[PDB]
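In: here goes the first bit of my complex:
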Amino acid sequence: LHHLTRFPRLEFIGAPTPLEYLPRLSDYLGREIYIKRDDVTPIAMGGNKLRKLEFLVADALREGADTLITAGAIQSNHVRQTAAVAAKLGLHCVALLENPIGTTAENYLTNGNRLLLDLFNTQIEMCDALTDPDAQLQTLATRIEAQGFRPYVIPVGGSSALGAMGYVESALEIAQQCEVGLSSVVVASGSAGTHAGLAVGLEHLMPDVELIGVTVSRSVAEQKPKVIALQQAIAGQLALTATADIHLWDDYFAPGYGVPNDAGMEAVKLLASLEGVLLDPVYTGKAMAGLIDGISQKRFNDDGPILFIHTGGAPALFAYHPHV
């Protein structure tokens, strides 16, 4: 795994993020539950996207870029973290945003992550839909370049093979921190970089552990090709083999990306009330709902300890309140 040091990398996090036992949640579910606190990173309310940006933005600087361009929903955590990093480094930031849920709710449209974008002086470009994100970002990049800037394009969710190296890094922390008998790891699976990064790292570091991605936007059939593709791409770049099966549960995100559901919201309440831990309605709440039902349906490989990867997202709580 030494090839990770060959990639340029900025230091946004520093020390490994905490890995904690959750004794009250464990007592309630009758199962040992641990949490990787990737929500606690120091930049602009934190999250998983920061691990990716350590690599992506290092690349951006290597190319001498002065502008970061990315895309996501109005309430995207990735756009928020990209914009914070841009501000920190004196780079301009252009965000291509969509309204994925057709809401006119004031807090969704203007509060939460979207509010922070304004504080970070993000240039906002609206679009009807992100039907072809890569191509749409490329078009915007040319226009911004025509204005006299030197743009660097960061893909949706920061999920490229390079971005996903942040989660190979996270896997190293996990492996060091777990040295008890961990059986399963649960993570939200969205743009797939987090899932795929963890997949490559955990195959080599903790081969006996089962990694489960809980989809937040797509069926198993649509999502599996995406995760596998990144997995193979990451593996090649690190000069590793990656043969582990990708596991995905798609039962926990209906009626679609960015729409809260009851199981998800109840998971948010459960973690807040038992552990003082804040999840979110779009990602971690749905992923935790998956973990809980996995216990209910005896869906994991065995009865042993489960590690939940907290990827962040809590600023969305304030955007989604009171509804829509």
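Out: Arrived safely, thanks for sending. Numbering: from 1, shown residues only, chains lettered A, B, ... in the order given.

In: and the longest helix anywhere in chain A, how far from the chain's centre?
Out: The longest helix of chain A (DSSP state H) is helix A:220-237. Between the centre of helix A:220-237 and the centre of its chain there are 15 Å (CA atoms, centre = their mean, to the nearest Å).

In: which elements pack onto it?
Out: Judged by 3 or more CB pairs under 8 Å, 6 or more residues apart in numbering; DSSP states H and E, the packing partners of helix A:220-237 are helix A:165-178, helix A:193-205, strand A:210-215, strand A:247-249. All C-beta spots, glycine's among them, are computed from the backbone N, C-alpha and C.

In: could you point out which element follows the shortest one?
Out: Later in the chain than strand A:247-249, the nearest helix or strand by DSSP states H and E is helix A:262-275.

In: mind exporting that following helix as CSV, just the C-alpha atoms?
Out: The C-alpha coordinates for helix A:262-275 follow below in CSV (Å, rounded to 0.1, in the frame of the first residue of the first chain):
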residue,chain,number,x,y,z
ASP,A,262,-39.2,7.5,8.0
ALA,A,263,-36.6,4.8,8.7
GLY,A,264,-33.9,7.3,7.9
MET,A,265,-35.4,10.0,10.2
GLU,A,266,-35.9,7.4,13.0
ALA,A,267,-32.2,6.4,12.7
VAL,A,268,-31.3,10.1,13.0
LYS,A,269,-33.4,10.3,16.2
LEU,A,270,-32.0,7.1,17.6
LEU,A,271,-28.4,8.1,17.2
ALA,A,272,-29.0,11.6,18.5
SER,A,273,-31.0,10.4,21.6
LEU,A,274,-28.8,7.4,22.5
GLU,A,275,-25.4,8.6,21.6
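
In: how about residues contacting that helix?
Out: In this structure, residues lying in contact with helix A:262-275 by CB atoms under 8 Å, 6 or more residues apart in numbering are A:22, A:24-25, A:28, A:35, A:252, A:277-281, A:285-286, A:288-289, A:292-293, A:317.

In: ok so, going back, for the helices and strands packed on helix A:220-237, give me a markdown table that also has distance to residue A:88 and mean neighbour count.
Out: Listed next are these as a markdown table, based on distance: least, CB to CB, whole Å; neighbours: other CB atoms under 10 Å:
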| stretch | distance to residue A:88 | mean neighbour count |
| --- | --- | --- |
| helix A:165-178 | 17 | 22 |
| helix A:193-205 | 21 | 26 |
| strand A:210-215 | 30 | 25 |
| strand A:247-249 | 34 | 21 |
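
In: so which of those is nearest residue A:144?
Out: For the helices and strands packed on helix A:220-237, proximity to residue A:144 was assessed by CB to CB; helix A:193-205 is nearest, at 23.7 Å.

In: coming back round to it: buried ones among the contacts of helix A:262-275?
Out: Neighbour counting with 16 or more other CB atoms under 10 Å marks A:22, A:25, A:35, A:252, A:277-281, A:285-286, A:288-289, A:292-293, A:317 as buried within these.

In: tell me which of the residues you listed is nearest to residue A:11?
Out: Relative to residue A:11, the closest of these is residue A:35; by CB to CB it sits at 23.6 Å.

In: gap between that closest one and residue A:260?
Out: Applying CB to CB, to the nearest Å, one obtains 21 Å for the distance of residue A:35 from residue A:260.

In: which parts of stretch A:37-50 are buried?
Out: Using 16+ other CB under 10 Å as the test for burial, stretch A:37-50 gives A:37, A:38, A:39, A:41, A:43, A:44, A:45, A:46, A:47, A:48, A:49, A:50.

In: among those residues, which are in helices?
Out: Taking DSSP H, the ones among those that sit in helices are A:49, A:50.

In: drop chain B onto that structure:
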Amino acid sequence: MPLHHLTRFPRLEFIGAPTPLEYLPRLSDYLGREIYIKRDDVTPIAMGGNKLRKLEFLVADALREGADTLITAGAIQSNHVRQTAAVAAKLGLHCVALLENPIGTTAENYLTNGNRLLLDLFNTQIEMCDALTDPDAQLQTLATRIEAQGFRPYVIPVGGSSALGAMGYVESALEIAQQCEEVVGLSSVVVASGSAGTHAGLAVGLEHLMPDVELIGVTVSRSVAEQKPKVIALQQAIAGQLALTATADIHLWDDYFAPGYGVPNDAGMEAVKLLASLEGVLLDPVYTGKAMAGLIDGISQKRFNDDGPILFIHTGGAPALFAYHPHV
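Out: Next up, chain B placed on what we already have:
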């Protein structure tokens, strides 16, 4: 060596490792002065903040007493209440909160979003009152009612600001001294001064570890005349508990909080926008935005002892941004 009596006070571990102390190169470039930041806003519990350091001592005391319930008070958008509630949930303690609306707003996000929203997630029992006219007395009346239900209550004062709670910031000063060692020779430290525990704890710690550093408290709710005896009372009580003397004068600037506690002002807003746009750092309209506006003006007016490096204590507060939006 000098702060060794801190050992005798029981404490829970909520923070873990020392919080980051960071240079702010873009802010420093703009202000023409070396600016560092102590990131007490980045702690692991429910969006972080200064109040957590106090809770390490207060809640340890509660557990030693056999208490199963935490009672405290503050504004609807109190960070202290939010952090207290989060710790209570984590430890399986009941939490009861006496809340007031200090600004008389009817704005829906102030009333129900931000910190207030999180209170419901932590299952806090919420008690409204017209105003916290006598917080200590009102807390005791509530404690009596709660005790009558069979609960074993532990009353935490507004802001967590008792001599015991303030030990959290004596501890913070130890981190600061260690982090600055052979790295930076600080001239000044700036912190928001509210219920006064943070200011007072830092005052005691810094007098002993870094006596030549100038500690500036920027008031968020009171004039220098009203605030200073509160800080001094705590400073002296903290020193006593540690078998130390504290002879340092307390310094406060009160020019930066008008028109009052919990009301945003223009300079505060501009300080929030400055830190966000230059450093990707999130301040808040009630506390840190106002303290930072003080730091900035202090530089502009040459209010500090000299032209040397300034450390800003980031005490947190950012969830209030979502409560104050779009207006109050």
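
In: go back to the contacts of helix A:262-275, now with chain B?
Out: A:22, A:24-25, A:28, A:35, A:252, A:277-281, A:285-286, A:288-289, A:292-293, A:317, B:89-90, B:92, B:118, B:121-123 (CB atoms under 8 Å, 6 or more residues apart in numbering or on different chains).

In: that older thread, what residues sit buried inside the longest helix of chain A?
Out: By 16 or more other CB atoms under 10 Å in any protein chain shown, the buried positions in helix A:220-237 come out as A:220, A:223, A:224, A:226, A:227, A:228, A:230, A:231, A:233, A:234, A:235, A:237.

In: could you dump that helix to PDB, C-alpha only?
Out: These are the backbone C-alpha positions of helix A:220-237, laid out as PDB (Å, rounded to 0.1, in the frame of the first residue of the first chain):
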ATOM      1  CA  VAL A 220     -28.000  -2.400  -6.700                       C
ATOM      2  CA  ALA A 221     -28.000  -3.000 -10.500                       C
ATOM      3  CA  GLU A 222     -27.300   0.600 -11.400                       C
ATOM      4  CA  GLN A 223     -24.800   1.200  -8.500                       C
ATOM      5  CA  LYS A 224     -22.600  -2.000  -8.600                       C
ATOM      6  CA  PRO A 225     -21.000  -1.200 -12.000                       C
ATOM      7  CA  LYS A 226     -20.000   2.300 -10.700                       C
ATOM      8  CA  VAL A 227     -18.400   1.000  -7.500                       C
ATOM      9  CA  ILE A 228     -16.600  -1.900  -9.300                       C
ATOM     10  CA  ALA A 229     -15.200   0.500 -12.000                       C
ATOM     11  CA  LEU A 230     -13.700   2.800  -9.300                       C
ATOM     12  CA  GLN A 231     -12.400  -0.200  -7.300                       C
ATOM     13  CA  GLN A 232     -10.500  -1.500 -10.300                       C
ATOM     14  CA  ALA A 233      -9.200   2.000 -11.200                       C
ATOM     15  CA  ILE A 234      -8.000   2.700  -7.700                       C
ATOM     16  CA  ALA A 235      -6.300  -0.700  -7.500                       C
ATOM     17  CA  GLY A 236      -4.400  -0.200 -10.800                       C
ATOM     18  CA  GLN A 237      -3.100   3.200  -9.600                       C
END
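
In: between strand A:210-215 and it, find me the angle.
Out: Interaxial angle of helix A:220-237 relative to strand A:210-215 (axes from the mean of the first three to the mean of the last three CA atoms, to 10 degrees): 130 degrees.

In: what comes into contact with helix A:220-237?
Out: Here helix A:220-237 has contacts from A:3, A:159-162, A:164-165, A:168, A:189, A:191-193, A:195-197, A:199-200, A:213, A:215, A:217-218, A:241-242, A:244, A:246, A:248-250, using CB under 8 Å, 6+ apart.

In: ok, residue A:280 - contacts?
Out: A:268, A:312, A:313, A:314, A:315, A:316, A:317 are the contacts of residue A:280 under CB under 8 Å, 6+ apart.

In: list the contacts for the residue lying closest to it once chain neighbours are set aside?
Out: Leaving aside its sequence neighbours, residue A:280 sits nearest to residue A:313 (CB to CB, 6 or more residues apart in numbering or on different chains; 3.1 Å). Residue A:313 sits next to A:39, A:47, A:77, A:279, A:280, A:282, A:283, A:284 when contact means CB under 8 Å, 6+ apart.

In: format those residues as a markdown table; extra columns: secondary structure.
Out: Shown next, in a markdown table, are these (DSSP: H, G, I helix; E, B strand; the rest coil):
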| residue | secondary structure |
| --- | --- |
| A:39 | helix |
| A:47 | coil |
| A:77 | helix |
| A:279 | coil |
| A:280 | coil |
| A:282 | coil |
| A:283 | coil |
| A:284 | helix |
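
In: among those residues, which pair sits farthest apart?
Out: Between any two of the contacts of residue A:313, the greatest separation by CB to CB is 13.3 Å, found for A:39 and A:282.
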